[PDB]
>>> print(open('upload.txt').read())   # compact mmCIF, C-alpha atoms and all ligand atoms
# COMPACT_ATOMS: atom_id res chain seq x y z
CA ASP B 3 13.82 19.12 6.43
CA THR B 4 13.49 15.42 5.61
CA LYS B 5 13.42 13.62 2.27
CA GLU B 6 9.69 12.98 2.76
CA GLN B 7 9.01 16.67 3.24
CA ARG B 8 11.02 17.46 0.09
CA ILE B 9 8.92 14.95 -1.86
CA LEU B 10 5.67 16.60 -0.58
CA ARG B 11 6.97 20.09 -1.43
CA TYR B 12 7.98 18.92 -4.91
CA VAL B 13 4.47 17.57 -5.52
CA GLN B 14 2.92 20.82 -4.25
CA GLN B 15 5.10 22.82 -6.67
CA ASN B 16 5.11 20.49 -9.72
CA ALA B 17 1.73 18.75 -9.80
CA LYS B 18 -1.79 20.05 -10.31
CA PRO B 19 -4.07 20.16 -7.29
CA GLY B 20 -6.84 17.65 -7.52
CA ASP B 21 -5.07 15.62 -10.25
CA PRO B 22 -3.85 12.29 -8.85
CA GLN B 23 -2.00 11.21 -12.01
CA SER B 24 0.07 14.48 -11.86
CA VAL B 25 0.90 13.68 -8.22
CA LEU B 26 2.17 10.19 -9.06
CA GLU B 27 4.25 11.54 -11.93
CA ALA B 28 5.75 14.26 -9.75
CA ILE B 29 6.75 11.75 -7.05
CA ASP B 30 8.25 9.35 -9.58
CA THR B 31 10.20 12.17 -11.27
CA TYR B 32 11.57 13.44 -7.96
CA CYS B 33 12.56 9.97 -6.84
CA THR B 34 14.20 9.15 -10.19
CA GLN B 35 16.09 12.43 -10.60
CA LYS B 36 16.75 13.67 -7.04
CA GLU B 37 16.46 11.18 -4.12
CA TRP B 38 15.40 7.51 -4.10
CA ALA B 39 12.57 6.69 -1.77
CA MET B 40 10.57 3.53 -0.92
CA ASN B 41 7.39 4.33 -2.85
CA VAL B 42 6.01 1.37 -4.79
CA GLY B 43 6.98 3.20 -8.00
CA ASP B 44 5.52 3.11 -11.48
CA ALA B 45 6.70 -0.40 -12.58
CA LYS B 46 4.99 -2.18 -9.71
CA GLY B 47 2.31 0.52 -9.63
CA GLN B 48 1.11 -0.45 -13.08
CA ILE B 49 0.61 -4.04 -11.85
CA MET B 50 -1.30 -2.71 -8.82
CA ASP B 51 -3.50 -0.66 -11.12
CA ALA B 52 -4.30 -3.75 -13.18
CA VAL B 53 -5.24 -5.69 -10.01
CA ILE B 54 -7.39 -2.88 -8.64
CA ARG B 55 -9.25 -2.57 -11.90
CA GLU B 56 -9.88 -6.33 -12.02
CA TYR B 57 -11.43 -6.51 -8.55
CA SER B 58 -12.96 -3.03 -8.07
CA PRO B 59 -12.69 -3.39 -4.31
CA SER B 60 -15.15 -1.46 -2.12
CA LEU B 61 -12.97 -1.55 1.03
CA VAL B 62 -9.18 -1.72 0.90
CA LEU B 63 -6.75 -1.85 3.84
CA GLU B 64 -3.16 -0.69 3.25
CA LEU B 65 -0.42 -1.53 5.75
CA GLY B 66 2.33 1.05 5.32
CA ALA B 67 1.37 4.41 3.76
CA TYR B 68 4.82 6.08 3.75
CA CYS B 69 4.22 9.32 1.75
CA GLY B 70 0.93 8.27 0.24
CA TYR B 71 2.08 7.22 -3.22
CA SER B 72 0.31 3.83 -3.16
CA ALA B 73 -2.73 5.37 -1.45
CA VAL B 74 -3.03 7.92 -4.26
CA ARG B 75 -2.50 5.15 -6.83
CA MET B 76 -5.26 2.93 -5.41
CA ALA B 77 -7.74 5.61 -4.30
CA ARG B 78 -7.73 7.28 -7.75
CA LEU B 79 -9.10 3.97 -9.23
CA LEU B 80 -11.76 3.31 -6.55
CA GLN B 81 -15.41 3.56 -7.55
CA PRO B 82 -17.61 6.22 -6.06
CA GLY B 83 -18.25 5.50 -2.39
CA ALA B 84 -15.41 2.89 -2.13
CA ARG B 85 -12.90 3.48 0.64
CA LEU B 86 -9.24 2.97 1.60
CA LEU B 87 -7.98 2.69 5.17
CA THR B 88 -4.19 3.08 5.38
CA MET B 89 -2.00 2.48 8.45
CA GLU B 90 1.21 4.35 9.09
CA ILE B 91 3.34 4.00 12.22
CA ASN B 92 5.58 7.08 11.64
CA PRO B 93 3.60 10.21 12.63
CA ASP B 94 5.64 12.48 10.35
CA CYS B 95 4.88 10.25 7.39
CA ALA B 96 1.23 9.95 8.42
CA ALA B 97 1.04 13.78 8.25
CA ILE B 98 2.83 13.80 4.86
CA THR B 99 0.41 11.13 3.59
CA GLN B 100 -2.62 13.13 4.71
CA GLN B 101 -1.26 16.22 2.99
CA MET B 102 -0.50 14.24 -0.18
CA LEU B 103 -4.04 12.92 -0.32
CA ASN B 104 -5.46 16.42 0.36
CA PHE B 105 -3.40 17.79 -2.49
CA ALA B 106 -4.58 15.05 -4.85
CA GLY B 107 -8.22 15.65 -3.88
CA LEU B 108 -8.65 12.11 -2.55
CA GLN B 109 -9.09 12.82 1.14
CA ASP B 110 -12.81 11.87 1.17
CA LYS B 111 -11.89 8.33 -0.03
CA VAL B 112 -9.06 7.63 2.44
CA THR B 113 -8.66 7.39 6.19
CA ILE B 114 -5.01 7.56 7.27
CA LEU B 115 -4.47 5.84 10.58
CA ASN B 116 -1.43 6.60 12.71
CA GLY B 117 -0.29 3.45 14.74
CA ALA B 118 1.11 -0.10 14.61
CA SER B 119 -0.67 -2.76 12.64
CA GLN B 120 -0.72 -5.20 15.55
CA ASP B 121 -2.55 -2.65 17.65
CA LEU B 122 -4.85 -1.22 15.00
CA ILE B 123 -6.00 -4.42 13.17
CA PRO B 124 -7.97 -5.67 16.29
CA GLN B 125 -9.79 -2.30 16.37
CA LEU B 126 -10.98 -2.31 12.75
CA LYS B 127 -14.35 -3.94 13.31
CA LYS B 128 -15.59 -1.90 16.23
CA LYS B 129 -13.75 1.43 15.73
CA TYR B 130 -13.69 1.80 11.94
CA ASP B 131 -16.88 -0.20 11.41
CA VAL B 132 -15.31 -2.83 9.17
CA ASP B 133 -17.06 -6.09 8.43
CA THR B 134 -14.66 -7.81 6.01
CA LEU B 135 -11.99 -6.41 3.70
CA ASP B 136 -12.08 -6.76 -0.11
CA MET B 137 -8.39 -6.21 -0.58
CA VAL B 138 -5.24 -5.71 1.57
CA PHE B 139 -2.06 -4.10 0.29
CA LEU B 140 0.97 -5.14 2.41
CA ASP B 141 3.85 -2.70 2.35
CA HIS B 142 4.96 -2.32 5.96
CA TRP B 143 7.65 -4.17 7.93
CA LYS B 144 8.56 -7.26 5.87
CA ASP B 145 8.69 -9.48 8.96
CA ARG B 146 5.09 -8.51 9.71
CA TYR B 147 3.46 -9.70 6.48
CA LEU B 148 2.95 -13.21 7.86
CA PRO B 149 1.89 -12.35 11.44
CA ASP B 150 -0.49 -9.66 10.27
CA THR B 151 -2.08 -11.95 7.65
CA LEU B 152 -2.74 -14.46 10.47
CA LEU B 153 -4.02 -11.62 12.72
CA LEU B 154 -6.42 -10.48 9.98
CA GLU B 155 -7.81 -13.97 9.74
CA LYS B 156 -8.10 -14.30 13.54
CA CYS B 157 -10.03 -11.02 13.67
CA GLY B 158 -12.53 -12.25 11.06
CA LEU B 159 -11.50 -9.52 8.56
CA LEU B 160 -10.97 -11.88 5.57
CA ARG B 161 -13.70 -13.43 3.47
CA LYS B 162 -13.68 -15.86 0.53
CA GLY B 163 -12.12 -13.89 -2.31
CA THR B 164 -10.26 -11.22 -0.26
CA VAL B 165 -7.24 -10.23 -2.31
CA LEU B 166 -3.90 -9.79 -0.48
CA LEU B 167 -1.32 -7.95 -2.64
CA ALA B 168 2.18 -7.85 -1.16
CA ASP B 169 5.04 -5.52 -2.15
CA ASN B 170 8.72 -6.38 -1.89
CA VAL B 171 8.38 -10.13 -1.75
CA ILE B 172 11.82 -10.41 -3.42
CA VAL B 173 13.63 -7.22 -2.20
CA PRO B 174 13.94 -6.81 0.69
CA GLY B 175 11.99 -10.06 0.64
CA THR B 176 9.36 -11.74 2.74
CA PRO B 177 10.39 -15.39 2.73
CA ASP B 178 8.15 -16.66 5.56
CA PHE B 179 5.06 -14.98 4.12
CA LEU B 180 5.70 -16.41 0.66
CA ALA B 181 6.36 -19.93 1.86
CA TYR B 182 3.27 -19.80 3.99
CA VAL B 183 0.74 -18.52 1.48
CA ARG B 184 2.17 -20.60 -1.36
CA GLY B 185 1.91 -23.74 0.75
CA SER B 186 -1.50 -23.08 2.21
CA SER B 187 -4.79 -24.45 0.81
CA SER B 188 -6.40 -21.29 2.18
CA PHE B 189 -4.68 -19.08 -0.46
CA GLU B 190 -4.52 -19.04 -4.23
CA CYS B 191 -1.25 -17.31 -5.16
CA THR B 192 0.17 -15.59 -8.22
CA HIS B 193 3.58 -13.87 -8.53
CA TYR B 194 4.02 -10.77 -10.67
CA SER B 195 7.67 -10.23 -11.42
CA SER B 196 8.78 -6.62 -11.66
CA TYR B 197 11.48 -4.18 -10.53
CA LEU B 198 12.31 -2.45 -7.34
CA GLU B 199 11.08 1.12 -7.43
CA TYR B 200 13.36 3.38 -9.46
CA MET B 201 16.07 0.68 -9.81
CA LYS B 202 17.18 -2.00 -12.23
CA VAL B 203 16.81 -4.62 -9.53
CA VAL B 204 14.27 -7.45 -9.73
CA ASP B 205 11.39 -7.35 -7.25
CA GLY B 206 7.80 -8.63 -7.41
CA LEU B 207 4.31 -8.48 -6.05
CA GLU B 208 2.52 -11.52 -4.67
CA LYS B 209 -1.24 -11.82 -4.99
CA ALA B 210 -2.73 -14.27 -2.47
CA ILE B 211 -6.50 -14.70 -2.65
CA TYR B 212 -8.04 -16.00 0.56
CA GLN B 213 -10.22 -19.10 0.11
CA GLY B 214 -11.86 -19.36 3.61
CA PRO B 215 -10.53 -21.84 6.27
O1 LIG C 1 11.00 -1.21 4.47
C1 LIG C 1 10.20 -0.97 3.57
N1 LIG C 1 8.92 -0.68 3.84
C2 LIG C 1 8.36 -0.74 5.20
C3 LIG C 1 8.44 0.54 6.03
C4 LIG C 1 7.80 -0.04 7.27
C5 LIG C 1 7.28 1.01 8.18
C6 LIG C 1 6.00 0.65 8.80
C7 LIG C 1 5.77 -0.21 9.81
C8 LIG C 1 4.37 -0.23 10.16
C9 LIG C 1 3.69 -0.96 11.15
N2 LIG C 1 2.42 -0.90 11.36
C10 LIG C 1 1.65 -0.07 10.53
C11 LIG C 1 2.20 0.67 9.52
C12 LIG C 1 3.58 0.63 9.33
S1 LIG C 1 4.56 1.40 8.22
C13 LIG C 1 10.64 -1.00 2.16
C14 LIG C 1 12.00 -1.04 1.91
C15 LIG C 1 12.52 -1.07 0.60
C16 LIG C 1 13.98 -1.13 0.33
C17 LIG C 1 14.85 -0.53 1.22
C18 LIG C 1 16.19 -0.52 0.98
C19 LIG C 1 16.64 -1.21 -0.12
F1 LIG C 1 18.00 -1.25 -0.42
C20 LIG C 1 15.85 -1.88 -1.03
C21 LIG C 1 14.49 -1.83 -0.78
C22 LIG C 1 11.63 -0.99 -0.50
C23 LIG C 1 10.26 -0.90 -0.23
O2 LIG C 1 9.37 -0.86 -1.28
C24 LIG C 1 9.76 -0.92 1.09
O3 LIG C 1 8.38 -0.91 1.23
CL CL C 2 4.10 3.82 -1.63
CL CL C 3 9.72 2.39 -10.97
MG MG C 4 7.41 -1.37 -0.64
>>> encode(input="upload.txt", output="structure tokens", more="lines below")
Ligand SMILES: O=C(NCCCCc1cc2cnccc2s1)c1cc(-c2ccc(F)cc2)cc(O)c1O
Ligand SMILES: [Cl-]
Ligand SMILES: [Cl-]
Ligand SMILES: [Mg+2]
Amino acid sequence: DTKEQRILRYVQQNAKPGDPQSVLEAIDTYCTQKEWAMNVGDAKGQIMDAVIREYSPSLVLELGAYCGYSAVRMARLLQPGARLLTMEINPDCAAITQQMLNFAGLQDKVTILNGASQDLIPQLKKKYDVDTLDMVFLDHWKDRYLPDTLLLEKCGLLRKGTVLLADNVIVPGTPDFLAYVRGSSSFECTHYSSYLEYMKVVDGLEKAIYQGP
């Protein structure tokens, strides 16, 4: 089996069904004590929680589900009727994410999409009935943060006040994305310095609030 399957099995055997906080704790324990994995982790997760609570978004898009850790983290804080769409290009990890969300009891809040962001973003309006997004969490290929931000704007998916929140802007890093949003009058940016998941290595989240054209 794979590391991702071991993480799912550990949640199933060490968390409580229907209890998202137990699921997060189980994943963080496994990834601290057994095998590192690229979940956002609790350090950066606590900053995400604070941002989600500030904005109470009704419709969130996540680029890069992995095993569903960030999807559980965000979906557990959504208000009744609010929704998360999460894109995952690896079909094995899409299946693990769906199972993780089922276990946590969050499956009615989340739609896990299996494909590439450049293919799926242009289908959001017609196929998934999206008007505009309230928040976007970027956690997929680091060289796609910038092109997919521009693709979201082209597709008319951003509105004044849409919150982009970007993982890993320091490690592995997303230098073109940061330079772009920080230099653009169309974004209001804030950096939240933190640590790479499970490691004593500096990383950070970038919040970039879209201001219209
Ligand atoms: O690569 C990372 N995440 C991206 C996986 C991209 C897969 C997808 C592409 C795609 C396209 N379209 C739709 C959905 C998707 S999902 C990543 C890597 C590290 C890391 C790795 C080694 C290291 F030494 C230090 C940090 C830490 C992290 O927190 C990460 O997030
Ligand atoms: Cl994650
Ligand atoms: Cl952590
Ligand atoms: Mg990440």
>>> atom_distance(input="upload.txt", atom1="CA of residue 152 (chain B)", atom2="CA of residue 138 (chain B)")
12.7 Å
>>> residues_near_ligand(input="upload.txt", ligand="ligand CL 2 (chain C)", cutoff="9 Å", atoms="only C-alpha atoms and all ligand atoms", output="number ranges by chain")
B: 39-43, 47, 66-75, 141
>>> atom_distance(input="upload.txt", atom1="CA of residue 142 (chain B)", atom2="CA of residue 10 (chain B)")
20.0 Å
>>> atom_distance(input="upload.txt", atom1="CA of residue 21 (chain B)", atom2="CA of residue 106 (chain B)")
5.5 Å
>>> closest_residue(input="upload.txt", among="B:65, B:52, B:84, B:33", to="ligand CL 3 (chain C)", atoms="only C-alpha atoms and all ligand atoms")
B:33
>>> residues_around(input="upload.txt", residues="residue 126 (chain B)", least_positions_apart="6", cutoff="9 Å", atoms="all atoms listed in the file", output="PyMOL selection string")
chain B and resi 132-133+157+159
